[PDB]
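What follows is one structure encoded as structure tokens, with my remarks underneath.
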Amino acid sequence: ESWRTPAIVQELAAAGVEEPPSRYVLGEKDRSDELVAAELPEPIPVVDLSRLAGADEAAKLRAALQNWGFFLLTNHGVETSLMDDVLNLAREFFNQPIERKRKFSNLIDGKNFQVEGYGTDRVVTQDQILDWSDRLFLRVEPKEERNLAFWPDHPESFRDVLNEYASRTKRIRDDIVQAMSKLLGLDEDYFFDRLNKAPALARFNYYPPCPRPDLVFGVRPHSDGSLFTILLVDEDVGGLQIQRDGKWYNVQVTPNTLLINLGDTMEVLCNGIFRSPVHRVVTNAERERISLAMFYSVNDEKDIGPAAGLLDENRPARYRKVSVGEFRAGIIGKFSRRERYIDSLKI
Amino acid sequence: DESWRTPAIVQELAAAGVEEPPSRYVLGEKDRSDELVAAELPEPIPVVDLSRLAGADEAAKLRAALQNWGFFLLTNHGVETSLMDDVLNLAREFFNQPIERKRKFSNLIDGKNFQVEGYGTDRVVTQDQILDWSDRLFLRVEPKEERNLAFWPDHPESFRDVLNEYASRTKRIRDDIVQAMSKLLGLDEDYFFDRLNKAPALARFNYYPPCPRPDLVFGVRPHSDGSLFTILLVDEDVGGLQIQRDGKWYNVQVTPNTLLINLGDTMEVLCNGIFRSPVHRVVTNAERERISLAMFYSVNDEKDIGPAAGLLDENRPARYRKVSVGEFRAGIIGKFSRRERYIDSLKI
Ligand SMILES: O=C(O)CCC(=O)C(=O)O
Ligand SMILES: O=C(O)CCC(=O)C(=O)O
Ligand SMILES: [Cl-]
Ligand SMILES: [Mn+2]
Ligand SMILES: [Mn+2]
């Protein structure tokens, strides 16, 4: 539409067009020698969850979070069948006649936008540049505010499998949070008063093949606004890239393994001892890419600011203190305008 | 100096022979008031015969122990006398080694980086944290995927075989106790067993050295266990374990070759406070050391920890909040460091 109903990017790829529409083509500064990325100069940071209680593993986590802000997780205890099934739901739901899929459109009545549903993100302005990907955004926790009406019916086990996956990742959320609290010198339960009744958001990404991968981004360069994200990818074959010291690095998520990356809230909360990585996804011209991201956010208990226990007067606050509503307003708000909120809070 | 993150081996401090504990072990005046001399049990220690726990007589003895005390002694427990002696010999022979042979298995990795598993004490979070007058060797025996054999000691040479054998006996005990208590609650005997597969089992060998000022320190601070159940074995108890009931402190001597079972905080939550997990502590003495082994049995991450649905109705509301297993565990461990009781933050 004009800008009220952006078209589903999967239908633009199935049109067999050789060029993308003008609303998807980036600028010259964003299309400079960046999309041709390198690969990590060292073995990709890998944390073994089943051994994270040991100080050896906790030091591997520390180096991952200090150097890169993300890592791959192994021996995480999520069954291979469950990871295959939850990704089969996205595979099955996305690979559907579109009349079936439009029933869960995040543009209710075709004109009013919301975050929860199937489609793309918010289009504030007509000249805004749109990503070459579709999404299915679902709030999974707390279960009391779960909007099942937008949860797809096909396959007929979507709610059960996604709920099962949500309860598996909970243990991963708890273990990693406990580990980092010890790494930061805080109480190992420090972060759990901020997680009671906290939002858990599931994002099903469909990056369709693009005839011109040089002109578009699967998702724009960005850092997550969560505490951290668990990422699950279906036979990655590439596309995800992460930035470190200006340079984009190609990161491939090995099948049956999970990628954990930090969000902007964690960087502020830990005063920037670990940082939230800025990342993006590149499209390819042959095959599509489906990923499931689980965002774990903080409740409205306390304001988002550096932890009291990480600040003496010789380690002052590098970041401001803002409310939860102000924080979330800007991660979403600055995502559309292609800026990074957390820079504005840095002192 | 930040050397306070590298806590001393208390057994070494005790061998210094000086007249006072260092100030970091000294309790506040409130903790040292008219408690440390406890009272004697007004009734005999509750005792349960495991071999007859399927019978009404013993199971009723089990209920009275759980409702009134939260703990009981277990007889005919299936653990041979030689095996209890063997597992306590591990503790005796390991601790009575030169500090250089024990330090290989320190939980302070590279001398700096704390982890739970190993020989030392519990996490030192702040400089002003009061420390306990004891060392412990903490070994993760289950699940085997999380087992780290490199911290299981090389002395005596039977350590892995003996502890494995003992733990398999105490696991059986755990199953029997869970079943029996399930029937007490009117639940199916297997109601909780979906929480017991690939669940943590932790062995804690405690070493309480003598202290020149037993009036000033705790061998271990007042606490309830975070487990479902705890099975405790003490080497010739001589004395020191104290348990609290309704604000009063009582001495409890774990008779040799018997096992003390106490209910843990996880069970208290799961049974909605029908039975409660008892607060207990160890006081030191000036003459001799005390050795005990505690097997903590926890739950997996199948469900969040909360009151069992079979125990709730309109006139039986839930008395505890529901929290995830990892959140529960980190709260147990964190609150222990701060001298606070985690389960009270879950009470509704
Ligand atoms: O699809 C990926 O690999 C990245 C997903 C991502 O960054 C997101 O959903 O926020
Ligand atoms: O040593 C005792 O008698 C008590 C041990 C104990 O409470 C523990 O290890 O948690
Ligand atoms: Cl239940
Ligand atoms: Mn992201
Ligand atoms: Mn205890």
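The chains in the structure tokens are called A, B, ... from first to last as shown; in each chain the residues are counted from 1, and the ligands are counted from 1 in the order shown.
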
If we count only C-alpha atoms, which residues of chain A reach to within 12 Å of chain B? Please list them as a PyMOL selection string.
-> chain A and resi 48-59+62+75-78+164-197+309-310

Atoms to include: N, CA and C atoms. Write the selected residues as a compact mmCIF listing (two decimals), in the first residue's frame.
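Okay, this is what ended up in selection.txt:
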# COMPACT_ATOMS: atom_id res chain seq x y z
N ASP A 48 29.65 -24.36 26.59
CA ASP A 48 28.98 -25.62 26.88
C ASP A 48 28.09 -25.40 28.10
N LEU A 49 26.77 -25.47 27.90
CA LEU A 49 25.84 -25.17 29.00
C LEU A 49 25.97 -26.19 30.13
N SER A 50 26.14 -27.46 29.79
CA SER A 50 26.19 -28.51 30.81
C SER A 50 27.41 -28.38 31.71
N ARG A 51 28.39 -27.55 31.34
CA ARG A 51 29.58 -27.37 32.16
C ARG A 51 29.74 -25.93 32.64
N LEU A 52 28.72 -25.09 32.48
CA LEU A 52 28.84 -23.67 32.78
C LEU A 52 29.07 -23.39 34.26
N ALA A 53 28.70 -24.32 35.15
CA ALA A 53 29.00 -24.13 36.56
C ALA A 53 30.50 -24.09 36.83
N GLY A 54 31.30 -24.72 35.98
CA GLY A 54 32.74 -24.68 36.16
C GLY A 54 33.32 -23.32 35.80
N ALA A 55 34.40 -22.96 36.50
CA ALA A 55 35.06 -21.69 36.25
C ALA A 55 35.74 -21.65 34.89
N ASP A 56 36.15 -22.81 34.37
CA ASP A 56 36.72 -22.87 33.02
C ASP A 56 35.71 -22.39 31.98
N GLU A 57 34.49 -22.94 32.02
CA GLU A 57 33.44 -22.51 31.09
C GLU A 57 33.03 -21.07 31.34
N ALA A 58 32.87 -20.68 32.61
CA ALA A 58 32.47 -19.32 32.91
C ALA A 58 33.48 -18.31 32.36
N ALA A 59 34.75 -18.70 32.27
CA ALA A 59 35.75 -17.83 31.66
C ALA A 59 35.59 -17.78 30.15
N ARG A 62 32.90 -15.38 29.71
CA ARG A 62 33.40 -14.03 29.95
C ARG A 62 34.11 -13.47 28.72
N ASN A 75 25.38 -28.34 24.12
CA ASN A 75 24.88 -29.15 25.23
C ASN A 75 23.87 -28.36 26.06
N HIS A 76 22.95 -27.70 25.36
CA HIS A 76 21.96 -26.86 26.01
C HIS A 76 20.76 -27.65 26.52
N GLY A 77 20.66 -28.93 26.19
CA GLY A 77 19.60 -29.76 26.72
C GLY A 77 18.27 -29.66 26.01
N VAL A 78 18.15 -28.84 24.97
CA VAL A 78 16.93 -28.83 24.17
C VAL A 78 17.00 -29.97 23.16
N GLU A 164 6.21 -25.49 24.48
CA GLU A 164 7.22 -26.42 24.96
C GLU A 164 8.63 -25.85 24.78
N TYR A 165 8.89 -25.24 23.62
CA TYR A 165 10.18 -24.60 23.39
C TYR A 165 10.41 -23.44 24.34
N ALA A 166 9.35 -22.68 24.64
CA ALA A 166 9.47 -21.55 25.55
C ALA A 166 9.89 -21.99 26.94
N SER A 167 9.39 -23.15 27.40
CA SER A 167 9.78 -23.67 28.70
C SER A 167 11.18 -24.28 28.70
N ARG A 168 11.67 -24.75 27.54
CA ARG A 168 13.04 -25.25 27.48
C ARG A 168 14.05 -24.11 27.56
N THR A 169 13.80 -23.02 26.83
CA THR A 169 14.70 -21.88 26.83
C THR A 169 14.74 -21.17 28.18
N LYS A 170 13.69 -21.30 28.98
CA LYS A 170 13.66 -20.70 30.31
C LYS A 170 14.87 -21.14 31.13
N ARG A 171 15.16 -22.44 31.12
CA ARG A 171 16.32 -22.94 31.85
C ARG A 171 17.61 -22.33 31.32
N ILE A 172 17.68 -22.11 30.00
CA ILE A 172 18.85 -21.47 29.42
C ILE A 172 18.94 -20.02 29.87
N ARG A 173 17.81 -19.31 29.89
CA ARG A 173 17.79 -17.95 30.43
C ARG A 173 18.32 -17.92 31.86
N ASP A 174 17.85 -18.84 32.70
CA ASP A 174 18.24 -18.83 34.11
C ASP A 174 19.72 -19.12 34.27
N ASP A 175 20.23 -20.17 33.61
CA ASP A 175 21.63 -20.55 33.78
C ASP A 175 22.57 -19.43 33.36
N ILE A 176 22.33 -18.86 32.18
CA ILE A 176 23.22 -17.83 31.66
C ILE A 176 23.18 -16.58 32.54
N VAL A 177 21.98 -16.20 33.00
CA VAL A 177 21.85 -15.03 33.87
C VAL A 177 22.62 -15.26 35.17
N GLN A 178 22.47 -16.45 35.77
CA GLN A 178 23.22 -16.77 36.98
C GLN A 178 24.72 -16.70 36.72
N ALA A 179 25.18 -17.26 35.60
CA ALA A 179 26.61 -17.27 35.30
C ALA A 179 27.16 -15.86 35.20
N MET A 180 26.44 -14.98 34.49
CA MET A 180 26.94 -13.63 34.27
C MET A 180 26.92 -12.80 35.54
N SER A 181 25.96 -13.07 36.43
CA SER A 181 25.92 -12.36 37.71
C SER A 181 27.17 -12.66 38.53
N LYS A 182 27.61 -13.93 38.54
CA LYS A 182 28.88 -14.26 39.17
C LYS A 182 30.04 -13.60 38.43
N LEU A 183 29.99 -13.62 37.09
CA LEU A 183 31.04 -12.97 36.31
C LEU A 183 31.14 -11.49 36.63
N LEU A 184 30.02 -10.85 36.94
CA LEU A 184 29.99 -9.42 37.19
C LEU A 184 30.24 -9.07 38.65
N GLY A 185 30.37 -10.07 39.53
CA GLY A 185 30.57 -9.78 40.93
C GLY A 185 29.32 -9.37 41.68
N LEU A 186 28.15 -9.70 41.16
CA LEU A 186 26.88 -9.41 41.83
C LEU A 186 26.35 -10.66 42.51
N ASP A 187 25.28 -10.47 43.29
CA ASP A 187 24.52 -11.60 43.78
C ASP A 187 24.04 -12.43 42.60
N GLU A 188 24.15 -13.76 42.71
CA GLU A 188 23.76 -14.54 41.54
C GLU A 188 22.26 -14.58 41.31
N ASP A 189 21.46 -14.06 42.24
CA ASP A 189 20.03 -13.87 42.00
C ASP A 189 19.68 -12.42 41.68
N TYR A 190 20.68 -11.59 41.37
CA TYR A 190 20.46 -10.15 41.22
C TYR A 190 19.43 -9.85 40.13
N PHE A 191 19.45 -10.60 39.04
CA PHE A 191 18.69 -10.28 37.85
C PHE A 191 17.29 -10.89 37.83
N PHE A 192 16.91 -11.64 38.87
CA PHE A 192 15.64 -12.36 38.83
C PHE A 192 14.47 -11.55 39.33
N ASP A 193 14.71 -10.54 40.17
CA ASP A 193 13.64 -9.61 40.52
C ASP A 193 13.22 -8.77 39.33
N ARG A 194 14.09 -8.65 38.32
CA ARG A 194 13.77 -7.96 37.08
C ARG A 194 13.15 -8.88 36.04
N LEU A 195 13.04 -10.18 36.34
CA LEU A 195 12.55 -11.15 35.37
C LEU A 195 11.22 -11.79 35.76
N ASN A 196 10.74 -11.55 36.98
CA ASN A 196 9.43 -12.06 37.37
C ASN A 196 8.35 -11.40 36.52
N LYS A 197 7.55 -12.22 35.84
CA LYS A 197 6.46 -11.73 35.02
C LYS A 197 6.97 -10.85 33.87
N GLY A 309 25.55 -2.38 42.30
CA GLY A 309 26.70 -3.15 42.76
C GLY A 309 27.90 -3.15 41.85
N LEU A 310 27.80 -2.56 40.66
CA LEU A 310 28.93 -2.44 39.76
C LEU A 310 29.54 -1.04 39.76

Output the neighbourhood of ligand 2 as number ranges by chain, that is, all protein and nucleic acid residues with some atom at most 6 Å from the ligand, counting only C-alpha atoms and all ligand atoms.
-> B: 204, 241, 292, 294

Give me a file of those residues, with C-alpha atoms, as a short mmCIF file (atom, residue, chain, number, x, y, z; two decimals), in the first residue's frame.
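Wrote part.cif, looks like this:
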data_model
loop_
_atom_site.label_atom_id
_atom_site.label_comp_id
_atom_site.auth_asym_id
_atom_site.auth_seq_id
_atom_site.Cartn_x
_atom_site.Cartn_y
_atom_site.Cartn_z
CA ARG B 204 28.81 -31.99 50.47
CA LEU B 241 24.02 -29.93 64.80
CA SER B 292 29.66 -34.95 57.90
CA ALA B 294 25.19 -34.38 53.12
#

Using DSSP on the backbone coordinates, identify all residues within segment 177-332 of chain A classified as strand (DSSP E); present the result as an MDAnalysis selection string.
-> chainID A and resid 200:207 219:223 228:233 240:244 247:250 258:262 278:281 289:296

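Each of B:279, B:309, B:346, B:286 was compared to ligand 5 using only C-alpha atoms and all ligand atoms, and B:279 turns out to be the nearest.
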
Write out as a tab-separated table (two decimals) with N, CA and C atoms, in the first residue's frame the residues lying within 10 Å of residue 267 of chain B, counting only C-alpha atoms and excluding same-chain residues fewer than 2 positions away.
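What ended up in around.tsv:
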chain	number	residue	atom	x	y	z
B	178	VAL	N	10.15	-40.06	48.90
B	178	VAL	CA	9.24	-39.27	48.06
B	178	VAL	C	7.92	-40.00	47.88
B	181	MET	N	5.93	-39.99	51.29
B	181	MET	CA	5.38	-38.67	51.57
B	181	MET	C	4.29	-38.30	50.58
B	192	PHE	N	5.42	-37.02	41.93
B	192	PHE	CA	6.57	-36.14	41.78
B	192	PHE	C	7.68	-36.73	40.92
B	226	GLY	N	18.00	-26.20	50.33
B	226	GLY	CA	17.26	-25.89	49.13
B	226	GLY	C	16.74	-27.10	48.39
B	227	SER	N	17.04	-28.29	48.90
B	227	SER	CA	16.77	-29.51	48.18
B	227	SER	C	15.29	-29.90	48.26
B	228	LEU	N	14.97	-31.01	47.60
B	228	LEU	CA	13.77	-31.76	47.92
B	228	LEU	C	13.93	-32.48	49.25
B	229	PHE	N	14.97	-33.31	49.34
B	229	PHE	CA	15.32	-33.99	50.58
B	229	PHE	C	16.84	-33.97	50.73
B	263	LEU	N	13.56	-32.52	55.32
B	263	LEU	CA	12.83	-31.99	54.18
B	263	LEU	C	13.46	-30.69	53.71
B	264	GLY	N	13.52	-30.51	52.39
B	264	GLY	CA	14.10	-29.32	51.82
B	264	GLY	C	13.07	-28.29	51.36
B	265	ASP	N	13.58	-27.10	51.02
B	265	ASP	CA	12.72	-25.99	50.63
B	265	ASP	C	11.90	-26.32	49.39
B	269	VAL	N	7.73	-26.16	49.20
B	269	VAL	CA	6.92	-25.44	48.21
B	269	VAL	C	5.99	-26.41	47.48
B	270	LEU	N	6.52	-27.56	47.06
B	270	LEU	CA	5.72	-28.49	46.27
B	270	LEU	C	4.54	-29.05	47.05
B	271	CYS	N	4.70	-29.28	48.36
B	271	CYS	CA	3.58	-29.73	49.17
B	271	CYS	C	2.81	-28.57	49.81
B	272	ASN	N	3.04	-27.34	49.34
B	272	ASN	CA	2.26	-26.17	49.75
B	272	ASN	C	2.38	-25.90	51.25
B	273	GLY	N	3.51	-26.25	51.85
B	273	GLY	CA	3.70	-25.96	53.26
B	273	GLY	C	2.95	-26.87	54.20
B	274	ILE	N	2.42	-27.99	53.71
B	274	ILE	CA	1.81	-28.96	54.62
B	274	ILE	C	2.87	-29.49	55.58
B	275	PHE	N	4.05	-29.81	55.06
B	275	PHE	CA	5.26	-30.02	55.85
B	275	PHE	C	6.26	-28.92	55.49
B	276	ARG	N	7.08	-28.53	56.47
B	276	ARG	CA	7.97	-27.38	56.33
B	276	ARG	C	9.42	-27.81	56.45
B	277	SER	N	10.28	-27.10	55.73
B	277	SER	CA	11.71	-27.39	55.71
B	277	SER	C	12.39	-26.75	56.91
B	298	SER	N	17.68	-32.67	44.41
B	298	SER	CA	16.89	-31.58	43.86
B	298	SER	C	15.97	-32.10	42.76
B	299	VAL	N	15.34	-31.17	42.05
B	299	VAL	CA	14.45	-31.51	40.95
B	299	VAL	C	15.06	-31.00	39.65
B	305	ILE	N	8.84	-24.67	39.95
B	305	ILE	CA	8.62	-25.14	41.30
B	305	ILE	C	7.46	-24.36	41.90
B	306	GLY	N	6.44	-25.07	42.38
B	306	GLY	CA	5.28	-24.47	42.98
B	306	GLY	C	4.38	-25.52	43.60
B	307	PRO	N	3.37	-25.09	44.35
B	307	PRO	CA	2.48	-26.06	45.02
B	307	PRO	C	1.82	-27.01	44.03
B	308	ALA	N	1.84	-28.30	44.37
B	308	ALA	CA	1.23	-29.31	43.51
B	308	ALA	C	-0.25	-29.03	43.31

Leaving out residue 284 of chain B and any residue of its chain fewer than 5 positions from it, which residues lie within 12 Å of it when counting only C-alpha atoms, given as a PyMOL selection string?
-> chain B and resi 14+21+36-37+132-134+207-221+237-242+289-291

Within-7 Å residues of ligand 1, basis only C-alpha atoms and all ligand atoms, as a list in words = residues 203, 205, 219, 224, 231, 233, 240, 279, 280, 281, 290, 291, 292 and 293 of chain A

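The interatomic distance for the pair atom CA of residue 132 of chain A and atom CA of residue 202 of chain A works out to 19.0 Å.
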